[PDB]
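Q: Let me begin by handing over the structure; questions about it come next.
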Amino acid sequence: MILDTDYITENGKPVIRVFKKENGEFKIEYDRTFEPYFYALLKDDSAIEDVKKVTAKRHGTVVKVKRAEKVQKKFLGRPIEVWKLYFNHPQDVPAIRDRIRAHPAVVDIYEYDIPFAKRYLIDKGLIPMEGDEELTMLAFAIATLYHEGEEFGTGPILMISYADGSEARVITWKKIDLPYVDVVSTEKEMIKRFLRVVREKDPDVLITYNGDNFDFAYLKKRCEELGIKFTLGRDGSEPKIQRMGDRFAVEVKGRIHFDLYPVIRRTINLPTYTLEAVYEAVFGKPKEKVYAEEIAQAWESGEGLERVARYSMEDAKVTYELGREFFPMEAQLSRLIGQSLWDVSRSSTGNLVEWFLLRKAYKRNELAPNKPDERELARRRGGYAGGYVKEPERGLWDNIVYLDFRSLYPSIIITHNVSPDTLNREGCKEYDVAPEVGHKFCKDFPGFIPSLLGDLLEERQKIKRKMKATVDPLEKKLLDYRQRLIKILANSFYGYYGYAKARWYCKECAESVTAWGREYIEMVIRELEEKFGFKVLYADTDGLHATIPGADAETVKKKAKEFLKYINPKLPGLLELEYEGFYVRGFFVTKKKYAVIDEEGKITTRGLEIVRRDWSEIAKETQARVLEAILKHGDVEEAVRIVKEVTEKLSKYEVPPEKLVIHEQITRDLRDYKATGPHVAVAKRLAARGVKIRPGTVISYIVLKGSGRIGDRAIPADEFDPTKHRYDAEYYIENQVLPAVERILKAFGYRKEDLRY
DNA sequence: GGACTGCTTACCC
DNA sequence: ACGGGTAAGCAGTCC
Ligand SMILES: NCCOCCOCCOCCC(=O)O
Ligand SMILES: [Ca+2]
Ligand SMILES: [Ca+2]
Ligand SMILES: [Ca+2]
Ligand SMILES: [Ca+2]
């Protein structure tokens with residue numbers, strides 16, 4: 001299996017290394033046969049020799065086109081001939097672009113921003129993480145004595161925790177009499193031991209939880225301040241702290257640095273992404289957090305460091321266990337997108353998509369269109385019409401059925417051949433004209449995207465057939481990851497079309513996909529309500545909730561199943577309505593906000609406060625209980641009581657602090673905000689105390705008692721103490737518990753005052 | 001001082 | 001990172 005590709009510079013020329021693992025041994029296959037290329041559309045072939053003269057200096061050296069070649073490719077299908085120009089070293093490719101492009105002869109340059117190492121993986125037709133070889137992994141973690149908003153790394157590391165198949169251990173330089181702790185004499189000593197341990201183990205994967213943004217970065221500032229060669233890489237190198245967008249990411253050349261945090265953050269939904277939280281999520285089992293004030297007083301005291309040791313050891317043990325659980329599917333994704341586990345782990349779907357298309361586009365002799373420059377985002381700023389969202393028949397309904405289109409937007413993209421290279425072409429025999437946008441789509445050749453999108457679904461069903469056959473239950477998991485991922489990639493394509501930053505942007509395509517959607521859902525709804533006696537209680541972009549008012553569950557079921565057999569043959573192409581759910585009763589509140597209880601009893605909840613991270617756990621727990629009341633049982637009494645108790649409990653300051661925490665995200669840099677929400681108010685103050693309030697940072701806070709603007713009383717959850725700081729019982733009763741509860745209890749004509757306290 | 005209006009977050013699909 | 005459609009609430013800005 002190819003772990004990753006990278007290139008060095010031996011004797012001047014670039015050598016592409018293809019880091020692999022065959023027959024239980026890590027190998028580094030070198031390659032100098034590959035040479036970098038770029039593309040350009042010249043108006044006259046005569047100018048090529050004039051353009052070959054173009055020069056540009058990189059550092060001390062002067063650099064010009066090492067070779068040149070007329071290449072016959074395609075572009076949005078249409079055959080185009082263009083000049084592919086080589087270069088000695090890949091780093092010359094980005095020096096000579098602006099000049100070679102500006103040229104008054106040439107119209108444009110193409111494929112000029114594809115990292116060599118990644119170019120080589122695409123072109124050579126190699127796919128990472130193919131074939132079944134066990135890869136050794138090593139989780140690691142650090143405990144720091146971080147002072148009150150001091151410089152990053154100006155505190156020393158107290159412990160380094162590591163865990164793998166066989167053991168968890170702590171390396172530390174204060175004395176702890178425990179079997180899983182190794183005391184070195186000094187900080188430098190315990191790092192040098194850690195570094196040794198990694199070497200002696202020689203793991204393929206290094207698992208961290210936010211290693212990208214803290215653990216590795218901190219180890220550097222230390223190894224810097226202490227003069228220790230921080231050599232973790234197999235080549236003997238130290239880690240490269242590459243800067244991806246808003247944050248950074250760390251690469252250990254020769255090892256897969258698997259930072260779980262971005263994966264966990266992408267995959268699981270939680271209010272807070274503490275390693276303690278995600279263990280309790282993924283595995284159900286609990287985890288104590290030893291806090292900084294706790295660690296430092298243990299260091300300073302020498303009293304009760306054994307807890308801090310248990311914490312370090314647990315931190316690593318849980319990192320490993322999360323790694324061994326998440327790496328598998330993150331590896332299937334390495335293979336599907338055909339780039340390194342590393343890149344894939346940290347990438348947007350936007351990029352994962354573009355990486356797939358570039359690979360397919362090269363294989364398909366298609367000159368990939370260029371990312372849009374600053375000015376070419378500004379024009380793309382115009383939006384388009386989305387999905388149909390019916391205003392719900394509000395209130396409590398019985399015997400409901402969820403009907404939805406199986407893979408709607410892909411079915412449309414497949415069916416109507418919706419693709420930039422099929423959009424309003426000259427003289428196709430047959431054409432498909434989108435319902436309102438109007439745009440005609442050629443129907444004579446399988447369009448680039450529809451082509452690949454079919455292959456994807458084509459395979460996904462193959463993989464689900466191989467699944468029912470699979471004896472080995474591991475493979476059946478690794479198989480299910482492959483199919484589940486393909487579904488997500490396939491469902492990402494419509495999005496990519498509407499994405500201004502997307503190479504294959506096509507507002508014409510996205511708009512047409514959504515247009516068709518609106519047509520098809522409203523036609524089902526119309527058909528379902530007219531032909532069959534159903535009322536549609538609510539609907540939203542490919543999904544419908546419906547009943548036959550005053551009919552038994554038995555009948556609703558039969559008639560819905562009957563309606564599918566009616567409509568489905570009337571629907572065109574891959575477009576197919578499915579019966580997905582039946583629900584004893586259901587409660588539709590506003591658009592995006594409803595709950596339903598199934599026959600077995602499982603209440604499902606959408607959009608309501610209960611499932612929002614930016615609402616107090618007392619708001620949600622209260623709403624969740626008033627909702628159980630109306631749905632699971634019938635007791636609107638039982639409900640109004642659950643409300644009344646929940647309020648008096650808050651009014652009598654008996655409500656736990658923990659349940660009063662409000663989690664919202666700072667989205668951008670604190671200066672850019674036009675308005676100051678309590679969370680910005682709170683985040684702004686924490687920046688006057690030199691805290692790291694950057695994009696993605698979740699602000700937790702409690703509204704303290706008083707009057708005026710809510711943000712002036714908002715103080716962080718950590719910082720809140722019960723002694724001498726009461727919570728705002730008024731706000732918490734009047735602005736959270738009551739408003740949410742009222743939403744559900746409003747349908748039974750209860751005044752907010754009526755809920756009282 | 002009550003109602004409009006914009007800002008911001010997170011959800012649904 | 002990121003598709004559009006939507007419910008909300010906080011906190012100004014009218015008139
Ligand atoms: N994220 C895309 C916006 O949602 C549009 C709806 O797509 C859902 C695709 O159906 C899959 C479920 C099924 O097979 O019934
Ligand atoms: Ca549902
Ligand atoms: Ca289905
Ligand atoms: Ca998207
Ligand atoms: Ca958007």
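Each chain in the structure tokens gets a letter, A, B, ..., in the order shown, and its residues are numbered from 1; ligands are numbered from 1 in order too.
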Using only C-alpha atoms (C1' of nucleotides) and all ligand atoms, determine which residues fall within 9 Å of ligand 5, then list them as a PDB file with N, CA, C and O atoms (P, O5', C5', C4', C3', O3' and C1' of nucleotides), in the first residue's frame.
A:
```pdb
ATOM      1  N   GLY A 383     -26.625  34.062  -6.214  1.00  0.00           N
ATOM      2  CA  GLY A 383     -27.250  32.805  -5.750  1.00  0.00           C
ATOM      3  C   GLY A 383     -28.237  32.245  -6.765  1.00  0.00           C
ATOM      4  O   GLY A 383     -28.311  32.792  -7.891  1.00  0.00           O
ATOM      5  N   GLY A 498     -22.750  24.315  -7.410  1.00  0.00           N
ATOM      6  CA  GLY A 498     -23.178  25.624  -6.881  1.00  0.00           C
ATOM      7  C   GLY A 498     -22.084  26.326  -6.093  1.00  0.00           C
ATOM      8  O   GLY A 498     -22.347  27.438  -5.598  1.00  0.00           O
ATOM      9  N   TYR A 499     -20.904  25.709  -5.979  1.00  0.00           N
ATOM     10  CA  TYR A 499     -19.742  26.211  -5.200  1.00  0.00           C
ATOM     11  C   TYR A 499     -18.880  27.118  -6.085  1.00  0.00           C
ATOM     12  O   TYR A 499     -18.310  26.622  -7.075  1.00  0.00           O
TER      13      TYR A 499
ATOM     14  P    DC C   2     -16.954  28.012   4.800  1.00  0.00           P
ATOM     15  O5'  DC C   2     -17.388  27.522   3.341  1.00  0.00           O
ATOM     16  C5'  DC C   2     -18.764  27.567   2.877  1.00  0.00           C
ATOM     17  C4'  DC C   2     -18.910  26.939   1.504  1.00  0.00           C
ATOM     18  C3'  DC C   2     -20.185  26.114   1.302  1.00  0.00           C
ATOM     19  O3'  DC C   2     -21.335  26.923   0.977  1.00  0.00           O
ATOM     20  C1'  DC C   2     -18.292  24.782   0.764  1.00  0.00           C
ATOM     21  P    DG C   3     -21.686  27.370  -0.518  1.00  0.00           P
ATOM     22  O5'  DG C   3     -22.295  26.044  -1.158  1.00  0.00           O
ATOM     23  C5'  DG C   3     -22.566  25.974  -2.570  1.00  0.00           C
ATOM     24  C4'  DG C   3     -24.001  25.578  -2.831  1.00  0.00           C
ATOM     25  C3'  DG C   3     -25.071  26.431  -2.153  1.00  0.00           C
ATOM     26  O3'  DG C   3     -25.488  27.498  -3.005  1.00  0.00           O
ATOM     27  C1'  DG C   3     -25.515  24.129  -1.766  1.00  0.00           C
ATOM     28  P    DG C   4     -26.202  28.795  -2.395  1.00  0.00           P
ATOM     29  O5'  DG C   4     -27.702  28.320  -2.195  1.00  0.00           O
ATOM     30  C5'  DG C   4     -28.528  28.046  -3.328  1.00  0.00           C
ATOM     31  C4'  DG C   4     -29.886  27.620  -2.835  1.00  0.00           C
ATOM     32  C3'  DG C   4     -30.705  28.751  -2.212  1.00  0.00           C
ATOM     33  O3'  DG C   4     -32.089  28.584  -2.544  1.00  0.00           O
ATOM     34  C1'  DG C   4     -30.251  27.112  -0.566  1.00  0.00           C
TER      35       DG C   4
END
```
Q: Got a sec to pull out which chain B residues are within 12 Å of chain A, counting only C-alpha atoms (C1' of nucleotides), and send them as a PyMOL selection string?
A: chain B and resi 6-13
Q: Mind the document's chain letters and residue numbers, and return as number ranges by chain the residues of segment 399-596 of chain A that DSSP labels alpha helix (DSSP H).
A: A: 408-415, 448-469, 473-498, 507-530, 553-567
Q: Counting only C-alpha atoms and all ligand atoms, which residue out of A:535, A:500, A:572, A:691 sits closest to ligand 4?
A: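 Nearest candidate to ligand 4 out of A:535, A:500, A:572, A:691: A:500.
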Q: Ligand 1: which residues are within 10 Å, counting only C-alpha atoms (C1' of nucleotides) and all ligand atoms? Reply as an MDAnalysis selection string.
A: (chainID A and resid 386:387 403:411 487:488 490:495 514 517 540:543 576:580) or (chainID B and resid 12:13) or (chainID C and resid 3:4)
Q: Mind listing the residues within 8 Å of ligand 2, only C-alpha atoms (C1' of nucleotides) and all ligand atoms counted, as a ChimeraX atom specification?
A: /A:402,545,581,596,604,606
Q: When you draw a straight line from atom CA of residue 150 of chain A to atom CA of residue 688 of chain A, how long is it in Å?
A: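 We find that atom CA of residue 150 of chain A and atom CA of residue 688 of chain A lie 12.2 Å from each other.
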Q: Please identify all polymer residues within 12 Å of residue 15 of chain C, counting only C-alpha atoms (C1' of nucleotides), omitting same-chain residues fewer than 5 positions from it, and present them as a short mmCIF file (atom, residue, chain, number, x, y, z; two decimals) with N, CA and C atoms (P, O5', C5', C4', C3', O3' and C1' of nucleotides), in the first residue's frame.
A:
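Done, and the output landed in selection_11.cif:
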```
data_model
loop_
_atom_site.label_atom_id
_atom_site.label_comp_id
_atom_site.auth_asym_id
_atom_site.auth_seq_id
_atom_site.Cartn_x
_atom_site.Cartn_y
_atom_site.Cartn_z
P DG B 1 -40.05 55.38 27.88
"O5'" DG B 1 -40.84 54.32 26.99
"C5'" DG B 1 -42.28 54.24 27.04
"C4'" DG B 1 -42.80 53.45 25.87
"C3'" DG B 1 -42.50 51.95 25.92
"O3'" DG B 1 -43.52 51.22 25.23
"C1'" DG B 1 -41.37 52.90 24.08
P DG B 2 -43.85 49.72 25.65
"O5'" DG B 2 -44.28 49.05 24.27
"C5'" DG B 2 -45.50 49.44 23.62
"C4'" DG B 2 -45.32 49.42 22.12
"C3'" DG B 2 -45.07 48.03 21.52
"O3'" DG B 2 -45.85 47.86 20.33
"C1'" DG B 2 -43.33 49.48 20.89
P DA B 3 -45.78 46.49 19.50
"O5'" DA B 3 -44.92 46.90 18.22
"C5'" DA B 3 -45.39 47.93 17.33
"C4'" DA B 3 -44.44 48.09 16.17
"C3'" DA B 3 -44.17 46.81 15.37
"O3'" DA B 3 -44.07 47.14 13.98
"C1'" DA B 3 -42.14 47.64 16.19
P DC B 4 -44.04 45.99 12.87
"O5'" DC B 4 -42.70 46.30 12.08
"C5'" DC B 4 -42.57 47.50 11.30
"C4'" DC B 4 -41.12 47.90 11.17
"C3'" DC B 4 -40.31 47.04 10.19
"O3'" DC B 4 -39.72 47.90 9.21
"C1'" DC B 4 -39.17 47.26 12.27
#
```
Q: When you count only C-alpha atoms (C1' of nucleotides), which of these residues is closest to chain C: A:703, A:548, A:510, A:564?
A: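 Once distances to chain C are computed over only C-alpha atoms (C1' of nucleotides), the minimum belongs to A:510.
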Q: Write out as a PyMOL selection string which residues come within 10 Å of residue 170 of chain A when counting only C-alpha atoms (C1' of nucleotides), dropping same-chain ones fewer than 3 positions away.
A: chain A and resi 140-142+158-163+176+178-183+190+194+309-314+316
Q: From the list A:655, A:589, A:241, A:567, which residue is nearest chain C when using only C-alpha atoms (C1' of nucleotides)?
A: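 Ranking A:655, A:589, A:241, A:567 by distance to chain C, first place goes to A:589.
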